[PDB]
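Novice: Below is a structure I'd like to ask you about.
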Amino acid sequence: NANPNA
Amino acid sequence: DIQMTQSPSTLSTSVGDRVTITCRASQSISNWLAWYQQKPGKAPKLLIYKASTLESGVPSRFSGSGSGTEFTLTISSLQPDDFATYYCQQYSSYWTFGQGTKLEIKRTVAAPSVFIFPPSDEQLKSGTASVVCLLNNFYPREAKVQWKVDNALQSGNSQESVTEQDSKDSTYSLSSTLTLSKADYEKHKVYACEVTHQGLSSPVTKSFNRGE
Amino acid sequence: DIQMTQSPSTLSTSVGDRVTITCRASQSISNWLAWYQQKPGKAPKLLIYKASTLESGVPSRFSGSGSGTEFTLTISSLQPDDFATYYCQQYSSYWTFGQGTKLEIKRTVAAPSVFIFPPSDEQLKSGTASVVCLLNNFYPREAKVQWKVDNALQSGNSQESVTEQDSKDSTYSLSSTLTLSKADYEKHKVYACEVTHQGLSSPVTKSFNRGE
Amino acid sequence: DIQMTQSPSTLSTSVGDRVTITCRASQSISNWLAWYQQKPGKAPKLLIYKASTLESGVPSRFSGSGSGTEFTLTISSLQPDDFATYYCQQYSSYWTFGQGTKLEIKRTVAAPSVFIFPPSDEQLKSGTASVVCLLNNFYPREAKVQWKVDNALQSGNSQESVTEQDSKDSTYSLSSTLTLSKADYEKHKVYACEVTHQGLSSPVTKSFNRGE
Amino acid sequence: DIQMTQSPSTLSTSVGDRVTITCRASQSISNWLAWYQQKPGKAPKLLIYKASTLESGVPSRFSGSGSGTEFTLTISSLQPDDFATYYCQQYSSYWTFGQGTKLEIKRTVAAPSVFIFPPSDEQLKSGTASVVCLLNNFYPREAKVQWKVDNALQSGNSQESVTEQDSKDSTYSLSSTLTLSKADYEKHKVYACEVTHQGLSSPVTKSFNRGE
Amino acid sequence: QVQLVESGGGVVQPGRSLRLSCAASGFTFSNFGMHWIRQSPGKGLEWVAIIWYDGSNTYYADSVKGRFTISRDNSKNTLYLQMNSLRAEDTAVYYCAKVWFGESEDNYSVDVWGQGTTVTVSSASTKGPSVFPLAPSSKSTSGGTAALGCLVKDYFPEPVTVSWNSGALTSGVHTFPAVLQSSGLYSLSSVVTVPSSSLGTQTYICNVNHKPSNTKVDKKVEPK
Amino acid sequence: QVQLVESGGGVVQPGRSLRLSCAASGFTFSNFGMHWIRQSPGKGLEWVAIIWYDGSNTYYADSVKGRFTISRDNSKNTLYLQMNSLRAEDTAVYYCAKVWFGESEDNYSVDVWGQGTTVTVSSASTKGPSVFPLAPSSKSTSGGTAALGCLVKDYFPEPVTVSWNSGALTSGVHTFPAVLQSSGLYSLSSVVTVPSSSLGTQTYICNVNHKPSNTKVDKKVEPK
Amino acid sequence: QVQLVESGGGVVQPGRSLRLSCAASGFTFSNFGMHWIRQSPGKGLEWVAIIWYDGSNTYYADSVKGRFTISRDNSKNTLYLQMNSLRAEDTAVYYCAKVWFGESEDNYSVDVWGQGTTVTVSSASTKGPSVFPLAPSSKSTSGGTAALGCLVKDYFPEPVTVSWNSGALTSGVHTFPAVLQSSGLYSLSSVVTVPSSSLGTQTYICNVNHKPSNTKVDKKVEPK
Amino acid sequence: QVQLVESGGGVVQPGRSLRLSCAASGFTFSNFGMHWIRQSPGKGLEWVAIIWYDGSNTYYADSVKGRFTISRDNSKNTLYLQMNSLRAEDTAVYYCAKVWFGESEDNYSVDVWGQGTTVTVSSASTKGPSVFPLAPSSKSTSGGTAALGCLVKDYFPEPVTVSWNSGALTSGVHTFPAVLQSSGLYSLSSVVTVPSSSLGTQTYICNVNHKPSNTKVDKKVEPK
Amino acid sequence: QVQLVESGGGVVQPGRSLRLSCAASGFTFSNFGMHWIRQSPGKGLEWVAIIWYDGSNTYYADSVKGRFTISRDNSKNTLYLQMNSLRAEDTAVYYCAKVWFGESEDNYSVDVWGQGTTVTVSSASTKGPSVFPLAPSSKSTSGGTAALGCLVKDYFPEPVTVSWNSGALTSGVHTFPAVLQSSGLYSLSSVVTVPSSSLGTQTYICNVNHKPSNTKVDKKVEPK
């Protein structure tokens, strides 16, 4: 559950 | 697989009350806990993330607290818009939800009205017999319905259904359906549903005779 | 291994009485002694530590005393909530508990009612023979039950069971079960249980004949 | 919970004096004692830890001593910057502070000037009556003010307020406010405050008549 | 580099037995210990991690225990599929494995069959002389094979090879090969292998004469 | 504002496949990862899958790993979920959801949920309901109030609508939630309380409608 | 307040292993040492093990050293007891307990005990009971009072529930505590005193229920 | 040097919640544990809570356990104290404090205290003050000196400022500390000594200011 | 399920280089770190290297540090190990292994091992075996059972296959594991027990096959 | 093996700033914390700063806190120390150092030190030296041995090199370490013992060289 956003 | 547990499962409360609900994780999730609100027949809405951060647009009467394995959600003053189901969710390792806590509208005790309906002649002609026991306008929700056929307790042949809180008076209605084959139905005489409820001093029993 | 011993093992007392129980250690344990109260079917609760320090929440009618090898627990005025079993525990070298003292509700003497039941023919068909002797509503608990088969005392083939004090009248009931093989049972005629109790001026004897 | 106690509660001293204050714990705290200084309207500052270690930056005229349950703080030569309140704190088991010792500027005895103020017509119109007795420029601080209404002593209906030592002349000012209902106030005639002070050979009494 | 040591290296056991193997680290590794199973000619398989967590799919008859420097693996009831080699592994500081424990199928004692083979004339023509001593179908595995050439013990010129436990009868076979130059071989006459085994009261000796 | 529109749900036999879609608007879809989460009365809320904003990383729950495949079309701003080898327990309401914006080292979850689409995995065939009257009489009368109704039994699939007197009677109507039977067919009841003095004279008709089969039934309920 | 909940107890054959757990709440679990203490009718209260707050030091009673292993998971707030090589005498009720807070140089014991979990070490197999009537007659009558009952013999394991006339008769009922026999099977009796004038007309049936074996027996007791 | 700045204090009704914050600067905040300590006139100095440098261990005073939650944000160098279910006795000045650096086996306390923030728990409503004159006369004259003043009664909350003649009169001014009354409203007095020869001719006006209610009152005190 | 397939192993002269590869399937290879671990009869199991999921951190054993380089291709789901300056003691079976999934603060090791590839570092040249008969006689006869065999000496490298009578004789065959000699050539024996009454009449031929050198030898064993 | 190369040192005026760098090779730099430690003749060895492997925690000595800033660039494998507001007492040799590898709960220090770089904080301006001869005569003669030399006085900064006869004369040369004078200029002496019988005939010239100022002076020393 890391950063899935740009 | 992280297990989540919410308490209480159901809380009867009134507008303006101070509400505190708890949420526990099977292992340490640090502070990675979110709270989501969902109204019936409606999409879930985000309330709190990082266990204590208020989402933009959420009124200040909501607050979160807790870390590690114990978390709490507090509503300082309940408002009618806050009647919904509240879920906690760990997001430290994948995502698992709790069973959910339903905030119920607390009101005075009202005993149920009990009615019984026999199977219709068309359904009896079709080979099946459904008997319906109705509990109307009662509170609280907890009640017990036992089917008795010639003074013999039934088990595994009935189904129960409960309505949501009525928008006008916050009461419940319950239907119990006893399903039997035409041969099983015609192999007995007396058919009764017995109802117990916290608003009833004594159990209420409705019964009919097959053919009467 | 420090041995602990409590006296008395059982104390019959009444509401309002001053109760004192003693506890002794096989060697000097200084003042490192704790007292625990346990009610039947419930977890133990801590009452006193350091032999004389009252635990928070404990009413002041409890007090401890003692040092070295002799310690006492005193209840200044007994109340109905205090009827329970009390264990002492040294914690000077590891942890060992005493056998416990049970505080019993003292009442007037009541003689037992004695009933006997012979083995059923079905159980004899199953290969076993149980004979039951019942003593109902007696006080105090101390009683002696002797089985006599054709006036011959039995030993090592019976088991006794005693209930706790009845909540309504604080009486006891006792069951004695004699178990024998069908061949041993059918090789005799008369089966009696004789009962002696401090409330009985003379021993009571109940008997039956096999087959009657 | 370890109780801490400081003596004396107040110490009147002069510049250049040797000051010694004591602090005692309800149980043994070994050497884990700290001393904190607080000036009025300002945050406390650490002076000593480990009961006798001087904090870096603290002038050498401060010293600590003591072990077990008795501890002392010594100022070898008092300086005007040292007029403040001193608290001890055990940190052997959690953290508890003493009540604090305030170092007061000692001066010669000065008798108070006594003034009385009657209730304003506006407050009487508002339904309440406050009578004010003022003691100006007195030392030491201990004095007694008793309200007498038609020679009847009042109790439980007055409140006192005391200023800090004046920066220029180290004097005190005291206000006493007697509060009464309009009906109680108009149901009497004479209103007096009687003052006793160590600089007064006899008590001083000021009084007025309602309406005069 | 943390050193690991397993005991015992080999354990003879039977189906249904309770098996306990131990593993020790040169320093404290907390609970970061894993157990891996490896069957011969097959890749190792994970059984346990964190010293006591069972891997998914592993039967419940496996259990781990231990902390610090001592750890144990327990099989409550041995099954025929569990005859394999078990390795412990610390993963507190890098990764080091133990020497491994091989679970052997325990059976009754069977004495070896001893056969001797002289070098072939073709190999002698090739310039080398290999003498082979064979021990067939023996248990347990411990045995001693001594080469004697004209009653003179040989050392450093032989090699031994052992088969795995036979799938059908759980026996071992061992080959000993004595290798010599043609000139060394032709400088002697008698060639014998002597075999000792715990099931043999006296050593068994097979021998031939060079050229026979 | 943000809007999510799910499509593709329906009734599917076990073992078949189905492709769900999620249309996103109100934000830059290609800059955010997305979740699929399902909700059923038996299991509550249950996360299904997550996909990165660029599709580079995908994760699945263990109960669905190897059967579901999540993908996306950033040129069309469309999220897809191909579901193969469906089981009966996969019946649920499925939501797509948008991950919130946070810090680089924080953990992430969802802030905006979609509308939801219902998926029912069952081998039951489409079947119209049987409407039976719950006739009021002395045995369904307490004082001056009586109860009557209609039992709508053995229909598939959901949903069905029930009205009374073509919608003219709504005061005192209680339509119970449907219950699933062992046969995979739904059943429910609709009840109404009426003045006992009106029985035998006032006509009560329940109108059951089942859009999947275009069924419209007007059943008259007469007293006994 | 402080709450401790034990779980994991049950019936285990001798020589097998068993893992007990203790869930703690209401306080900071990682800050306190814990005890396991067992209680049996033959030995009374008996200390088993102690563990430090960080697990660095553990101690065991001499009778269990080398067989029991105490551990803890401070991230889960859970106390564990792995029991290997169980013997018959280990059958007891096991409590976890919290050490009280005190001074640095004092000796320590426990202040709050858990609820308790029962562990029964026996080689007996699950078996339903035999219900035999204790029939009243002239030999069990004194005045207007008679005694009758039911003997519940040779069942395993504990417990069993007994009711009379489906619960309608509770006044004067005495169910004795079970006793363990030489055969490893339990047996008990349940008796009731009734007016002799009611014999032959009032029906008395004892209802024995044993959930571990799903046993339900309704035995009618008739006079002789 | 080390600097600590508290914020978040104010007036709160009993039963409501309040969140205090403490901003730290001048040192590496994440390397030190922190305390919250409060001071009230009734109890003096009273420790409230402690938190470890990483937040793993927290401790609370008995009077606040279960209601207060201490936390920290090492990325923001901020210490937090969430106070729920506030009682009247929680009115105090709250300081954050830094633990000193010491030896590994020593006991620890605080060396640097913050500025402090005032928290007032009261059900009183916002209310401007009543300004009453303390009129001088012959009974309040000793020689050439007379005394006059203003009584500032029944205001909430703190504070109020009092000046005389817009600050032109400062010699001989005594503004008493406010006292809390049984009604939950504050009250204080302000007095000043003036030359008796100036009575009746020199005008004296007290200027009371109360920023929370934007109250400004200039009351002239005339003799009777 | 999870599958790992090693390739690239073989015989290599000392001082040369070699590249091993590991093909992964059944999981997202780019999401997991990997280990290389080797096993030899002299040292047992021995960890070699570890690489992070993104390659940012790598670790090596001290005996191989500075000579081996581990890498990965997440686009091809392939793990690589470049081994330079190989020594004789590097002969072992090499496995790739997958790190298990765990908690953020736990330590990590491997849960799934690959199939393994054998690496033999030796300066020996490829050489076919010499097959010599182990002829049965009176000195190798006990009762009705006799033993005969074939000695397969001085071959390199491993492995060699031995059959009897083209596979028709398998009962009683014992092929010993090969042993490495001082000359770097392998040698082994294969024995079989036969009925003594068949000696001199039944023909026994051992078939040794070595595919790397295309060696096929059928050696007949005759008595003396 | 491990190698550390410092750079950035030189002459800096008091009050100015300077940035030191440390290049690491031979090991994985990003896996280890680093120290800066300085050494001066007045204070000996003195720890300056420590930085974690990821830079999250840094510590400084009390004498340098607030003026020095330690940082690192793991992408360049470079350690940095920005020194502002330099004082005279900061003149020392600065080493970077690598923390050793140990156990998780151990305390840590350094095992490998860098080469060191010299930092000289002085307000002296660059100035060439004055070379004066220490001429031998009868007053500096005892038997057949005489002493002569060269005094290299009042130069800045360090260092200077002294040779005799372009390096042809090295036997018996003693060059003393330089001393810093009150004026910020350095001074040293070089002496040599020669046979008295060689005076007046053998030519002795001292060659002072100062690369920072490109100063070269050849001074001939003649007897008196």
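By order in the structure tokens, chains are A, B, ...; within a chain, residues start at 1; ligands start at 1, following the order shown.
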Mind checking which residues fall within 12 Å of residue 85 in chain J, counting only C-alpha atoms, ignoring those fewer than 5 positions away in the same chain, and posting them as a ChimeraX atom specification?

Specialist: /J:12-19,64-69,90,121

Novice: Against chain A, which residues of range 2-87 of chain F fall within 12 Å? For each one I want the closest pair of atoms and the distance in Å (one decimal), counting only C-alpha atoms, rows by chain and increasing residue number, as a Markdown table.

Specialist:
```
| residue | atom | partner | partner_atom | distance |
| --- | --- | --- | --- | --- |
| F:28 | CA | A:6 | CA | 10.5 |
| F:29 | CA | A:5 | CA | 10.0 |
| F:30 | CA | A:6 | CA | 8.5 |
| F:31 | CA | A:6 | CA | 5.2 |
| F:32 | CA | A:5 | CA | 4.6 |
| F:33 | CA | A:4 | CA | 5.0 |
| F:34 | CA | A:4 | CA | 8.3 |
| F:35 | CA | A:4 | CA | 10.5 |
| F:49 | CA | A:1 | CA | 11.6 |
| F:50 | CA | A:4 | CA | 9.2 |
| F:51 | CA | A:4 | CA | 7.7 |
| F:52 | CA | A:4 | CA | 4.8 |
| F:53 | CA | A:5 | CA | 5.7 |
| F:54 | CA | A:4 | CA | 8.4 |
| F:55 | CA | A:4 | CA | 9.3 |
| F:56 | CA | A:4 | CA | 9.4 |
| F:57 | CA | A:4 | CA | 8.4 |
| F:58 | CA | A:4 | CA | 9.9 |
| F:59 | CA | A:1 | CA | 9.4 |
| F:60 | CA | A:1 | CA | 11.8 |
```

Novice: Write the selection just made, keeping N, CA, C and O atoms, as a PDB file, in the first residue's frame?

Specialist:
```pdb
ATOM      1  N   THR F  28      -8.477  13.895 -12.850  1.00  0.00           N
ATOM      2  CA  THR F  28      -7.546  13.249 -13.772  1.00  0.00           C
ATOM      3  C   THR F  28      -7.437  11.781 -13.386  1.00  0.00           C
ATOM      4  O   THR F  28      -6.744  11.422 -12.432  1.00  0.00           O
ATOM      5  N   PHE F  29      -8.131  10.927 -14.141  1.00  0.00           N
ATOM      6  CA  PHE F  29      -8.198   9.510 -13.804  1.00  0.00           C
ATOM      7  C   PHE F  29      -6.828   8.854 -13.887  1.00  0.00           C
ATOM      8  O   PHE F  29      -6.495   7.989 -13.069  1.00  0.00           O
ATOM      9  N   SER F  30      -6.016   9.257 -14.862  1.00  0.00           N
ATOM     10  CA  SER F  30      -4.726   8.618 -15.079  1.00  0.00           C
ATOM     11  C   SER F  30      -3.710   8.932 -13.988  1.00  0.00           C
ATOM     12  O   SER F  30      -2.638   8.318 -13.978  1.00  0.00           O
ATOM     13  N   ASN F  31      -4.004   9.862 -13.081  1.00  0.00           N
ATOM     14  CA  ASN F  31      -3.065  10.220 -12.028  1.00  0.00           C
ATOM     15  C   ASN F  31      -3.305   9.480 -10.719  1.00  0.00           C
ATOM     16  O   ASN F  31      -2.548   9.686  -9.766  1.00  0.00           O
ATOM     17  N   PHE F  32      -4.328   8.630 -10.640  1.00  0.00           N
ATOM     18  CA  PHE F  32      -4.701   7.989  -9.386  1.00  0.00           C
ATOM     19  C   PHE F  32      -4.884   6.494  -9.577  1.00  0.00           C
ATOM     20  O   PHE F  32      -5.392   6.045 -10.608  1.00  0.00           O
ATOM     21  N   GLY F  33      -4.467   5.730  -8.572  1.00  0.00           N
ATOM     22  CA  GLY F  33      -4.831   4.334  -8.510  1.00  0.00           C
ATOM     23  C   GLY F  33      -6.284   4.149  -8.119  1.00  0.00           C
ATOM     24  O   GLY F  33      -6.948   5.060  -7.627  1.00  0.00           O
ATOM     25  N   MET F  34      -6.792   2.943  -8.355  1.00  0.00           N
ATOM     26  CA  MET F  34      -8.194   2.639  -8.110  1.00  0.00           C
ATOM     27  C   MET F  34      -8.328   1.307  -7.389  1.00  0.00           C
ATOM     28  O   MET F  34      -7.470   0.428  -7.505  1.00  0.00           O
ATOM     29  N   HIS F  35      -9.419   1.171  -6.636  1.00  0.00           N
ATOM     30  CA  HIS F  35      -9.778  -0.072  -5.970  1.00  0.00           C
ATOM     31  C   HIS F  35     -11.101  -0.607  -6.497  1.00  0.00           C
ATOM     32  O   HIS F  35     -11.964   0.149  -6.951  1.00  0.00           O
ATOM     33  N   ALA F  49      -9.555  -5.707  -5.209  1.00  0.00           N
ATOM     34  CA  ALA F  49      -8.331  -5.501  -5.974  1.00  0.00           C
ATOM     35  C   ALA F  49      -7.936  -4.033  -5.949  1.00  0.00           C
ATOM     36  O   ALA F  49      -8.750  -3.155  -5.655  1.00  0.00           O
ATOM     37  N   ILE F  50      -6.663  -3.786  -6.257  1.00  0.00           N
ATOM     38  CA  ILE F  50      -6.117  -2.439  -6.394  1.00  0.00           C
ATOM     39  C   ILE F  50      -5.208  -2.396  -7.614  1.00  0.00           C
ATOM     40  O   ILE F  50      -4.512  -3.370  -7.919  1.00  0.00           O
ATOM     41  N   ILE F  51      -5.219  -1.264  -8.318  1.00  0.00           N
ATOM     42  CA  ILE F  51      -4.372  -1.036  -9.482  1.00  0.00           C
ATOM     43  C   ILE F  51      -3.732   0.342  -9.371  1.00  0.00           C
ATOM     44  O   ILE F  51      -4.360   1.292  -8.893  1.00  0.00           O
ATOM     45  N   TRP F  52      -2.474   0.443  -9.791  1.00  0.00           N
ATOM     46  CA  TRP F  52      -1.767   1.714  -9.800  1.00  0.00           C
ATOM     47  C   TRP F  52      -2.336   2.644 -10.869  1.00  0.00           C
ATOM     48  O   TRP F  52      -3.095   2.239 -11.754  1.00  0.00           O
ATOM     49  N   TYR F  53      -1.969   3.923 -10.757  1.00  0.00           N
ATOM     50  CA  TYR F  53      -2.456   4.934 -11.692  1.00  0.00           C
ATOM     51  C   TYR F  53      -2.043   4.619 -13.125  1.00  0.00           C
ATOM     52  O   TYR F  53      -2.800   4.884 -14.067  1.00  0.00           O
ATOM     53  N   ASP F  54      -0.853   4.057 -13.315  1.00  0.00           N
ATOM     54  CA  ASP F  54      -0.376   3.705 -14.645  1.00  0.00           C
ATOM     55  C   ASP F  54      -0.514   2.221 -14.945  1.00  0.00           C
ATOM     56  O   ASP F  54      -0.060   1.773 -16.000  1.00  0.00           O
ATOM     57  N   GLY F  55      -1.123   1.452 -14.047  1.00  0.00           N
ATOM     58  CA  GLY F  55      -1.274   0.029 -14.261  1.00  0.00           C
ATOM     59  C   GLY F  55      -0.032  -0.795 -14.026  1.00  0.00           C
ATOM     60  O   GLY F  55      -0.043  -1.998 -14.310  1.00  0.00           O
ATOM     61  N   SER F  56       1.042  -0.190 -13.520  1.00  0.00           N
ATOM     62  CA  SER F  56       2.301  -0.912 -13.391  1.00  0.00           C
ATOM     63  C   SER F  56       2.249  -1.940 -12.270  1.00  0.00           C
ATOM     64  O   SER F  56       2.863  -3.006 -12.382  1.00  0.00           O
ATOM     65  N   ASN F  57       1.527  -1.647 -11.193  1.00  0.00           N
ATOM     66  CA  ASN F  57       1.407  -2.548 -10.056  1.00  0.00           C
ATOM     67  C   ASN F  57      -0.057  -2.887  -9.829  1.00  0.00           C
ATOM     68  O   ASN F  57      -0.911  -1.995  -9.823  1.00  0.00           O
ATOM     69  N   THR F  58      -0.344  -4.175  -9.656  1.00  0.00           N
ATOM     70  CA  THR F  58      -1.683  -4.646  -9.337  1.00  0.00           C
ATOM     71  C   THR F  58      -1.611  -5.616  -8.170  1.00  0.00           C
ATOM     72  O   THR F  58      -0.652  -6.383  -8.051  1.00  0.00           O
ATOM     73  N   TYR F  59      -2.629  -5.584  -7.315  1.00  0.00           N
ATOM     74  CA  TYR F  59      -2.722  -6.508  -6.197  1.00  0.00           C
ATOM     75  C   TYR F  59      -4.148  -7.020  -6.069  1.00  0.00           C
ATOM     76  O   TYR F  59      -5.108  -6.328  -6.419  1.00  0.00           O
ATOM     77  N   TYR F  60      -4.273  -8.241  -5.555  1.00  0.00           N
ATOM     78  CA  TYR F  60      -5.553  -8.921  -5.448  1.00  0.00           C
ATOM     79  C   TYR F  60      -5.655  -9.587  -4.086  1.00  0.00           C
ATOM     80  O   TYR F  60      -4.645  -9.942  -3.475  1.00  0.00           O
TER      81      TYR F  60
END
```

Novice: Could you give me, as a Markdown table, a per-residue list for chain G showing, wherever an atom lies at most 10 Å from an atom of chain D, the closest pair of atoms and their distance in Å to one decimal, using only C-alpha atoms and sorting by chain then residue number from low to high?

Specialist:
```
| residue | atom | partner | partner_atom | distance |
| --- | --- | --- | --- | --- |
| G:102 | CA | D:93 | CA | 8.8 |
| G:103 | CA | D:93 | CA | 7.4 |
| G:104 | CA | D:93 | CA | 8.4 |
```

Novice: Env of residue 105 in chain D: 9 Å cut, atoms = only C-alpha atoms, seq-sep filter 6 positions within chain, self excluded. Answer as an NGL selection string.

Specialist: :D and (11-15 or 80 or 83 or 165 or 170)

Novice: Would you export the selected residues with N, CA and C atoms as a PDB file, in the first residue's frame, please?

Specialist:
```
ATOM      1  N   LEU D  11       8.444  31.710  53.137  1.00  0.00           N
ATOM      2  CA  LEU D  11       9.616  32.126  53.896  1.00  0.00           C
ATOM      3  C   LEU D  11       9.941  33.570  53.554  1.00  0.00           C
ATOM      4  N   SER D  12       9.848  34.443  54.553  1.00  0.00           N
ATOM      5  CA  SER D  12      10.230  35.841  54.417  1.00  0.00           C
ATOM      6  C   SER D  12      11.729  35.986  54.626  1.00  0.00           C
ATOM      7  N   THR D  13      12.417  36.541  53.635  1.00  0.00           N
ATOM      8  CA  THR D  13      13.867  36.631  53.660  1.00  0.00           C
ATOM      9  C   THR D  13      14.321  37.928  53.011  1.00  0.00           C
ATOM     10  N   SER D  14      15.609  38.227  53.174  1.00  0.00           N
ATOM     11  CA  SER D  14      16.202  39.472  52.713  1.00  0.00           C
ATOM     12  C   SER D  14      17.407  39.157  51.840  1.00  0.00           C
ATOM     13  N   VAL D  15      17.796  40.137  51.024  1.00  0.00           N
ATOM     14  CA  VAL D  15      18.946  39.969  50.147  1.00  0.00           C
ATOM     15  C   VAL D  15      20.198  39.717  50.964  1.00  0.00           C
ATOM     16  N   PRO D  80      18.345  39.442  44.360  1.00  0.00           N
ATOM     17  CA  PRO D  80      16.979  39.849  43.996  1.00  0.00           C
ATOM     18  C   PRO D  80      16.370  39.030  42.880  1.00  0.00           C
ATOM     19  N   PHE D  83      14.009  35.766  43.968  1.00  0.00           N
ATOM     20  CA  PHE D  83      12.694  35.830  44.598  1.00  0.00           C
ATOM     21  C   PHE D  83      11.673  35.173  43.682  1.00  0.00           C
ATOM     22  N   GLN D 165       3.270  41.131  45.980  1.00  0.00           N
ATOM     23  CA  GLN D 165       4.113  42.159  46.570  1.00  0.00           C
ATOM     24  C   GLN D 165       4.446  43.244  45.556  1.00  0.00           C
ATOM     25  N   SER D 170       7.250  46.532  48.168  1.00  0.00           N
ATOM     26  CA  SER D 170       7.086  45.188  48.715  1.00  0.00           C
ATOM     27  C   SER D 170       5.904  45.106  49.669  1.00  0.00           C
TER      28      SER D 170
END
```

Novice: Within 12 Å of chain A, which residues of chain B show up when using only C-alpha atoms, listed as a short mmCIF file (atom, residue, chain, number, x, y, z; two decimals) with C-alpha atoms, in the first residue's frame?

Specialist:
```cif
data_model
loop_
_atom_site.label_atom_id
_atom_site.label_comp_id
_atom_site.auth_asym_id
_atom_site.auth_seq_id
_atom_site.Cartn_x
_atom_site.Cartn_y
_atom_site.Cartn_z
CA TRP B 32 -3.08 3.47 9.60
CA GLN B 90 -6.93 -0.87 8.60
CA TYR B 91 -4.69 0.05 5.68
CA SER B 92 -1.32 -0.93 7.12
CA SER B 93 -1.14 -4.27 5.29
CA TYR B 94 -3.69 -4.63 2.48
CA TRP B 95 -7.23 -3.67 3.53
#
```

Novice: Looking only at strand (DSSP E or B) from DSSP on the backbone, list the matching residues of range 58-170 of chain I as an MDAnalysis selection string.

Specialist: chainID I and resid 58:60 68:73 78:83 92:99 110:113 117:121 127 130:134 141:142 145:156 161:164
